[PDB]
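Contents: one structure, followed by commentary.
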Amino acid sequence: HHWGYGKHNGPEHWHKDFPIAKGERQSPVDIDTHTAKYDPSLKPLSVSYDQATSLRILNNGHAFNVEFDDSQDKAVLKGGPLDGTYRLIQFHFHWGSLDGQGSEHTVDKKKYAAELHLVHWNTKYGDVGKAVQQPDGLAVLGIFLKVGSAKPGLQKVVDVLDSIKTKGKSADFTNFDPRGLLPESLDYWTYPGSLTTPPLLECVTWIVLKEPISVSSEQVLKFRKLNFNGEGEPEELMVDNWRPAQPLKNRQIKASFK
Ligand SMILES: NS(=O)(=O)c1ccc(C(=O)NCc2c(F)cccc2F)cc1
Ligand SMILES: [Hg+2]
Ligand SMILES: [Zn+2]
């Protein structure tokens, strides 16, 4: 039926409706640190989120997205392996039912508690719909979350989750500063990939940060209390909404650090 992360509609079944699942540049992938090539020609990332305008947070089944006003170059990502300017459109997480799993990308086979994806689209394409039909249409900034000390900048997100417990629910979410979610170092790995959820389009330049941010057990606990189901339907906890690592194939992971 409609795709999900359960036994009968999970990742292993997506190929039946989305053939691209067995494609050449699928994500996520495992990052083998000893095989990633240090590329000194990579520029530093330029994250300009000072004028970010968040608007809403919503539970779309699958996960919760915090949306931003992308009608103007307010919050952008440039530099790194990117050519052109990419506007932030939304951010979401993938997490697990236990602290030992949750991330989509893995580092030397190590899974983290969750992973944050900051989605940006290439402005040269006019709108996100066009951008998804291009090889360099999207840039997703991936940040790993480890369980440890609480992340202050994440608390506003955590407190509003009760308002969007079920699928289809949304809440006004203005004045949120995404800069509060970045680690201190911007060192990263990069490779050409795809969306990790259907349509699974291969239009993404992945930029995965080396340094994870730490969040408290209590903070991660609250993510786990969300529901995949809509109001009135039988409760299905939103946990393990992650796709397992895909084969790297003919791709090379570059690193911006030595
Ligand atoms: N986890 S991840 O790889 O960062 C990621 C990021 C964005 C999207 C998305 O915007 N879906 C929109 C969308 C549709 F729902 C249908 C067709 C095209 C789309 F762009 C999906 C997965
Ligand atoms: Hg594409
Ligand atoms: Zn994601």
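As the structure lists them, so they are numbered: ligands from 1, and atoms in each ligand from 1. If you read the sequence from its start, that first residue is 1, and numbering goes on from there. Atom set for the values below is all heavy atoms of this structure, side chains included, hydrogens, waters and symmetry mates excluded.
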Does a salt bridge link [X] with [Y], judged by any charged N lying under 4.0 Å from a carboxylate O?
| X | Y | result |
| --- | --- | --- |
| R224 | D99 | yes |
| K37 | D39 | no |
| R56 | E67 | yes |
| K165 | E235 | yes |

Atom indices of ligand 1, in the order listed, that fall short of 4.0 Å to a heavy atom of [X]:
| X | result |
| --- | --- |
| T197 | 21 (C), 22 (C) |
| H117 | 1 (N), 2 (S), 4 (O) |
| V140 | 4 (O) |
| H94 | 1 (N) |
| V132 | 20 (F) |

Considering only N, O or S atoms of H92, the one closest to the Zn ion (ligand 3) =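 The closest N, O or S atom of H92 to the Zn ion (ligand 3) is NE2.
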Can you name the N/O/S atom of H117 that is nearest the Zn ion (ligand 3)?
-> ND1
To atom 7 (C) of ligand 1, the nearest of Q133, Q90, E104 on a heavy-atom basis is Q90
Between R243, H120, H92, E115, flag the one that comes closest to atom 1 (N) of ligand 1 by a heavy atom.
-> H92
Measure across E104 and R243 and return the closest heavy-atom pair with its distance rounded to 0.1 Å.
->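 That would be OE2-N, 2.9 Å.
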Is the cationic atom of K210 (NZ for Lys, CZ for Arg) positioned less than 6.0 Å from the six-membered ring centroid of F257 and within 45 degrees of its normal?
-> yes
Around [atom], find the nearest protein heavy atom and jot down its residue, atom name and distance.
| atom | answer |
| --- | --- |
| atom 13 (C) of ligand 1 | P199 CD, 4.5 Å |
| atom 6 (C) of ligand 1 | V119 CG2, 3.5 Å |
| atom 11 (N) of ligand 1 | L195 CD1, 4.8 Å |

So among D69, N122, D70, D73, which one has a side chain to side chain donor-acceptor pair (under 3.5 Å) with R87?
->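 Exactly one option meets the side chain to side chain donor-acceptor pair (under 3.5 Å) with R87, and it is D73.
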Return yes when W206 approaches ligand 1 closer than 4.0 angstrom through a heavy atom, no otherwise.
->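 The answer is yes: ligand 1 sits under 4.0 Å from a heavy atom of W206.
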Classify the contact between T196 and ligand 1 as side chain, backbone, both or neither, using a heavy-atom distance cut-off of under 4.0 Å.
-> both
Test item: side-chain donor near acceptor, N227 and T166, under 3.5 Å = no
Hey, could you give me the CG/OG distance between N65 and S170, rounded to the nearest 0.5 Å?
->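 Going from CG on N65 over to OG on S170, the span is 11.5 Å.
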